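Below: one structure, written as structure tokens.
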Amino acid sequence: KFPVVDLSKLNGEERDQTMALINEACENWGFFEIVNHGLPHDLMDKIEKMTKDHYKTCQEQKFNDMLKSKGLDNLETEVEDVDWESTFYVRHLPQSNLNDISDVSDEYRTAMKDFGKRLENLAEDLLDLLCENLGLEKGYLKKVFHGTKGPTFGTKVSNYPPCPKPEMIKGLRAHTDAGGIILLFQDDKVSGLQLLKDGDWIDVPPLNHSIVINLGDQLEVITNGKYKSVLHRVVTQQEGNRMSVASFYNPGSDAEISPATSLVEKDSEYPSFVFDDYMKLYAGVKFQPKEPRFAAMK
Amino acid sequence: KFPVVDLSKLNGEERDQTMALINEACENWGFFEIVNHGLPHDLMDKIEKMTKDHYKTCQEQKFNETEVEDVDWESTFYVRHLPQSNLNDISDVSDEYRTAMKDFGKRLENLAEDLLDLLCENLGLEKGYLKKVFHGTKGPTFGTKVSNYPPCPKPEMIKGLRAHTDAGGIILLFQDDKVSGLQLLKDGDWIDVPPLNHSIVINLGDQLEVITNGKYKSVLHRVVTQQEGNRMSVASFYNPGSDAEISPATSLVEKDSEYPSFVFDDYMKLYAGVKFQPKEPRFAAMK
Amino acid sequence: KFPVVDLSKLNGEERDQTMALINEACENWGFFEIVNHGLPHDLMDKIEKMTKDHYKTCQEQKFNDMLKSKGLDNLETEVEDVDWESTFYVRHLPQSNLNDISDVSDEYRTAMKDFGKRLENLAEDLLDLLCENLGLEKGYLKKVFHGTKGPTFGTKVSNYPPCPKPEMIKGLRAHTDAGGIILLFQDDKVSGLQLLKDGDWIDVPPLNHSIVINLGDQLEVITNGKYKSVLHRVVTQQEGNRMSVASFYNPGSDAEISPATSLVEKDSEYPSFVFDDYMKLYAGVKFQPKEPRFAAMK
Amino acid sequence: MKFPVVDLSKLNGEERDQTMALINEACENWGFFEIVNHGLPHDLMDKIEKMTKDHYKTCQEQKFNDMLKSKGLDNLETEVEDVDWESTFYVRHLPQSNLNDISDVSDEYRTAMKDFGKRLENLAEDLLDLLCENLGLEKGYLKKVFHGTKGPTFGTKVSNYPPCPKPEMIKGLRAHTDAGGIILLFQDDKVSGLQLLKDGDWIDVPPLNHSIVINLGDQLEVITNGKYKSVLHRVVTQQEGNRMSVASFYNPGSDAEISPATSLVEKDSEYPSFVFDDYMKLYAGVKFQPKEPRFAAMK
Amino acid sequence: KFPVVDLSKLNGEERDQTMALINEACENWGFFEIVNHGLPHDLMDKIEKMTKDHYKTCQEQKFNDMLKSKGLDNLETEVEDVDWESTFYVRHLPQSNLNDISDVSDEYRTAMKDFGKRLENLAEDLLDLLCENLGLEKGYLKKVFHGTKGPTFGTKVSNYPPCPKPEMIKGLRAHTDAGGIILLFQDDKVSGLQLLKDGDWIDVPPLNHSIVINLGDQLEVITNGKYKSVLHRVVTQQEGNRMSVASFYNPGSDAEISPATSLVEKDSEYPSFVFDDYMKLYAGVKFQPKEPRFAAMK
Ligand SMILES: O=C(O)c1ccccn1
Ligand SMILES: O=C(O)c1ccccn1
Ligand SMILES: O=C(O)c1ccccn1
Ligand SMILES: O=C(O)c1ccccn1
Ligand SMILES: O=C(O)c1ccccn1
Ligand SMILES: [Zn+2]
Ligand SMILES: [Zn+2]
Ligand SMILES: [Zn+2]
Ligand SMILES: [Zn+2]
Ligand SMILES: [Zn+2]
């Protein structure tokens, strides 16, 4: 059963049990859903509606332009080198480009700014729960992530349109995320996101007004492997356009990333590096195995 | 006019003038300061902070009447980065200091190689030539000497470090930005290497004098003490590998060279015993 | 782009450009940094070393005993009524108390006296540049500031020690300065001082051997609002102790302060008052809005 | 992208700051603006307009048709880029008035023109003082700069743009920037035609009853060190409609020294320092060529 | 310092800095000289000799004829409506008229043909360097320029003979060029060509065996203003006849010109049009301001 965490149970004497659920999702799933997370359901509903309307208005034509430009009109053999995906990226931190994206509406930009700020505070709240579960001092992960200019925080807004031949192409090929903590607002009707657990692909179930959390490669390093970043993918379907609004809380470019000493006894197998060196490498090898990227930092 | 090179001026119309200043420093100064070098000022501030605080906790107590010309008024420990790091084996260094030194050392190694490629361009050598010469079998040798020069009641009796030339390739110095002391010998005068915030001091060692057939000479330098003030020094040495073959680059030689061809580790074995004696007998000894 | 004025550029016709830059900073920034100001760099280096050593020797434990008496160990909630600040004050004029600060060395007292005299001369040179830019006669501002016993001149020696939770407390809360012209020798590594400009907090960047200049409330009155006194604050940080040696060149206590008539066309909105009445009021309301203090002098 | 209209009566009251800020925005971003409630009597504007239009019909229209005949512009077979489809005469007010020397004007027109020009000269100097305040200059700075030895130069160009059968072949007045200081235009309130270039589009300066159109010339671009630029403008023709134009030019005296104001120059200016009459002698010959070479020619 | 680019440094490890110089000249100068290009120095020397000998035998007559019918033998005052210039035009593409110019020699035509082909290939190589510097796809600008019949490529062969009173008339009045990329073989002793930069006329220095490159109006549109076409002129002198062999690589007549979408964020201020409509208009208004010609294409 996929972990669903009720964050409102942290405000009372059920808080220890909630923390234990968070910790075991972090150790064994790499993913969990959160409900009662404090984000207004009214804000999620308009983010959802304006994301979908901005797709028809602005992204659908770019998407078909892409399928023509790569011959994906007609899928007669398996395509393992492209994602059946429509995306644009919004940067929040350290410097916002929200007011420079030309094709987004005023009210969409205002909703995205509010949504991004609330998710940034929720990311930092979640990192503190991780710290507590890890036996780290409060604020430890936030301070590691800061670097010189503060954390990097952006939002990937994706749609995975219907695919006539889902067997032939993935919406997004299997990978682990490079960063710190990932907070996903996904479609509540159209499924597609899957994680790999114990040798099976497991669906990340659509759930109304929920946020999906998962941990990236940097948290595997800092926890000395105690919390691993898990492989995940998006599969297409013939009917349905799955919406994806995923926010990435990453260390600053010059943050020093290393295994926390209190989590290391035997010499660590994980490297110590500067985050931007990891991200330069990751961009070119995102869909290749994760383990060579750690070795490359030594 | 001590040369200060602005590395941000390399991308542009003004790059020819920046390169000419670098070349002119290499030929006639043997030293130059670089600013806007790409190293984060917050990493330098941490390095300086932890270096000075590591002195007071670990070295200052341990550190505790006529001319003394055979001793250096100096407190030092050494960190090895390449070919193989001993950073996790220096006992008296803290985790934050060790993590900062690893990051700082990696950035200085990349900056050293960028500087070697600027030298190559000014010398008319192909890019990567000096890096390739320095590699040997195991790669270049790269380490950092962390020094403090504490106050001396009688500075005219003892030097912080006696006059010498450096044996190796290129030296990248992060020095105190308030307390002076480092001097180079130029045209028969001792010249101060001026403290400058968030700068790196570059100087060339004996190996680059050989490879350039004397076009860039390694210059004598020293550290003088002072009565008040503890000058910090974080100096990184980018050296050829032990079995690198060092010889004058053929394109810089027309008339037969006066400089020898040798293997770097034979020069270093010799250098250790005669570091404060004249440089010129060390070149002759390699023939 | 924060104004940095090179005082060596007064010696040509760059002088017009330099004067125009000073005027622009006075009108729109309220702050500017000066370089090549004539203060010996070796005297500044001594002042800094001795201030930092006097903090460690005399104030750091005194400071730590204060956070116990005021419960600032645990910053579990926001503190808006205290400054995370260690200070003492040195009065130079009209009457010196330099020989009464008990825990300072002969050599610190002798250096501070020399430093103070040089800053007093630089303050008066700067006031004459303001006079020229305003079209006032030479010495106009010095004469207004004189009163009967001469200007008031003192130095505030501050350190802002590291704060575990900088989000909770300011090093010094937002305020404008009551006085005439303020000449600040600040830490050249540790930032923290910010001014408010166009609705944003802007850092006053550390710059080695520079002096930071800002204008106080009295100059806003004399210029009939042409040069306004700008809000500024000091923020803390988690690792770094920012030093501040700030000298205040203020009118004499019984000086008559009023808008210079040549700067007044329409009847002024600013009061005419005696400086000590302004200062007696300011002491109690320093971190409250500035504008009621002008109204209270009518 | 609304054309700026400034209510000058709002300077007399609590909204003076907001009005000054609007004027400053128009000076930086449009180079043109319309003013209303400007103090010129609406009945004097009506008489000027009536007498200008009747003087065209009785005295200028025959000359205009005869001008085309002599240049063969009866037949707009192809584009004309070197002629203005324009009927004009010029009235000099300062430093020396020639009003009593124009032969074909009535005494009533001459008296109204003298009264109109005097009020416009006073309004020009009032506006220059608003610019001074917005620029941080001393009161009267621009008037003092413009004075030279004999005072400012002030004249009025009285133009009509008669109907043109083929407007796409010829402009009423080709694109240019004005050489001088501040230009105060009383234009037709029905017939449009004046356009300015803004952000790569021609923008109509909309006819507005009893308004005055203000624009800034090349000399104020120099003095403000480029903060207020002189903007390109033109007059287009139409097939029917005769647009009237009464435009007054407040210019520095001939021997006035023009340079960027010292308080606006924090680094070396790209703009020259020169004597105004040298700029004008050059401008007369290259008025419809680019502006920027004229600044370079003064160095 | 006027930009001089060594094109042989593109074949090696200095190529990035060479590209950076090209991009800098394109953004800030609109002009640059190239050395070590592909053109044999003996071909340039022969083009220069035969151009100058063709002036004396064939063009000097037409030039004095011109001065006759325009009354320009004696220059009492400024002439602002004519150029002190002797020209004939050679068309190469889409169709050559080289074998139809009656007064050109066999060997001049053969040299002119070889010269034109090498400059056409150098124009296309240079356009690809601009593409790379602009982040456009390889061949992008050549494809835009093609239309139906291919690019237009021609050569303007000019001489600017000595003028007794150079103050009175220009060799060629200030203008921007209408087309794509302009490749000039100019006199290496007699100067005269100037560009306008930062409010100053700057000489384009004569240099042995060099080619002067500048960008026309079409590249400003396609780059959305990132590379502007800059005003330039030729001044006369009393002693000296400056030679000018200028080759113009322009889009085909029916090419669609518009800002490249990857260079546009906010709505472009530049029009989208068909090139021949721009050229029809330009011919009549060449020496009037540039900006109204862009406005006219909307
Ligand atoms: O696009 C991704 O890589 C993604 C999106 C949401 C959650 C995890 N990963
Ligand atoms: O210790 C040395 O020999 C040294 C240190 C820094 C720079 C140059 N030389
Ligand atoms: O303590 C203050 O109020 C202060 C200090 C330095 C500069 C400005 N203001
Ligand atoms: O005739 C002109 O040049 C003019 C007329 C009115 C307004 C601006 N310019
Ligand atoms: O004749 C021209 O317009 C020209 C000639 C060469 C270079 C630029 N422009
Ligand atoms: Zn992912
Ligand atoms: Zn050394
Ligand atoms: Zn203050
Ligand atoms: Zn005009
Ligand atoms: Zn041209």
Side-chain angles (χ1 to χ4, degrees), chain A residues 30-31 83 85 87 89 155-158 160 171-179 181-186 192-195 204 211-216 229-234 242 244-248 286-287, chain B residues 30-31 72 145 147 161-168 171 173 182-184 193 201 203-206 218-223 233 235 237 271 275-276, chain C residues 30-31 83 85 87 89 155-158 160 171-179 181-186 192-195 204 211-216 229-234 242-248 282 286-287:
Chain A
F31 276 72
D83 309 300
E85 179 191 66
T87 319
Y89 203 77
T155 297
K156 169 184 185 192
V157 179
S158 313
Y160 302 85
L172 175 67
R173 295 160 277 165
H175 60 102
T176 70
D177 293 317
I181 187 166
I182 299 83
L183 307 81
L184 165 62
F185 175 43
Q186 65 168 2
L193 172 68
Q194 306 182 147
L195 58 86
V204 182
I211 296 298
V212 180
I213 302 298
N214 72 279
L215 312 179
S229 74
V230 179
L231 203 89
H232 51 283
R233 66 178 189 178
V234 176
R242 163 173 183 278
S244 178
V245 177
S247 292
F248 296 81
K286 161 180 189 187
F287 301 106
Chain B
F31 278 74
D72 309 302
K145 168 181 185 195
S147 314
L161 171 69
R162 296 158 278 168
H164 62 285
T165 71
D166 293 312
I171 299 84
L173 166 62
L182 172 68
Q183 309 181 322
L184 59 87
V193 179
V201 181
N203 73 279
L204 313 178
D206 296 346
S218 72
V219 170
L220 280 159
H221 50 282
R222 65 176 188 178
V223 178
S233 178
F237 297 84
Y271 176 90
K275 162 180 190 187
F276 303 105
Chain C
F31 279 73
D83 309 302
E85 179 192 64
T87 52
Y89 200 84
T155 297
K156 175 191 176 181
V157 178
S158 313
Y160 302 86
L172 177 65
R173 296 158 276 167
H175 63 282
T176 72
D177 293 315
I181 187 169
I182 299 85
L183 303 76
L184 166 59
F185 173 42
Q186 66 171 1
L193 170 70
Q194 317 181 311
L195 58 84
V204 179
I211 296 300
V212 182
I213 303 299
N214 74 280
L215 313 175
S229 192
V230 157
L231 279 160
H232 51 282
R233 67 177 189 178
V234 177
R242 162 171 184 282
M243 159 194 95
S244 179
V245 177
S247 294
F248 296 80
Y282 177 92
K286 165 181 194 333
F287 301 107

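Atom set for the values below is all heavy atoms of this structure, side chains included, hydrogens, waters and symmetry mates excluded. So you know, we letter chains A, B, ... as the sequences are listed, proteins then strands, and number each from 1. One-based numbering, in listed order, for ligands and for the atoms of each.
Residues passing the salt bridge (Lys or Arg N to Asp or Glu O under 4.0 Å) test with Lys275(B): none are found, sequence neighbours excluded. In this structure, the side chain to side chain contact (heavy atoms under 4.5 Å, CB included) partners of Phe276(B), at least two apart in sequence or on a different chain, are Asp72(B), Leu161(B), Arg162(B), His164(B). Listed by chain and residue number, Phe31(C), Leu184(C), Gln186(C), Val204(C), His232(C), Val234(C), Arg242(C) satisfy the side chain to side chain contact (heavy atoms under 4.5 Å, CB included) test with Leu193(C) (two or more places apart in sequence, or in another chain).
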Note down each nitrogen or oxygen pair, ligand 1 side and protein side, whose separation is under 3.5 Å; give only atom names and the distance to 0.1 Å.
| from | atom 1 | to | atom 2 | distance (Å) |
| --- | --- | --- | --- | --- |
| ligand 1 | 1 (O) | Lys156(A) | NZ | 2.7 |
| ligand 1 | 3 (O) | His175(A) | NE2 | 3.4 |
| ligand 1 | 3 (O) | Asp177(A) | OD1 | 3.2 |
| ligand 1 | 9 (N) | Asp177(A) | OD2 | 3.3 |
| ligand 1 | 9 (N) | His232(A) | NE2 | 3.1 |

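For the pair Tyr89(C) and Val157(C), the minimum side-chain heavy-atom distance is 4.5 Å or more. You'll find the side chain of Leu184(B) stays beyond 4.5 Å of the side chain of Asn203(B), heavy atoms only.
Pairing each heavy atom of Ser158(C) with each of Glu85(C), the nearest pair is OG-OE2, 4.0 Å.
Vertex the Zn ion (ligand 7), arms ending at OD1 of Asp166(B) and NE2 of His164(B): the angle is 100° after rounding to 10 degrees.
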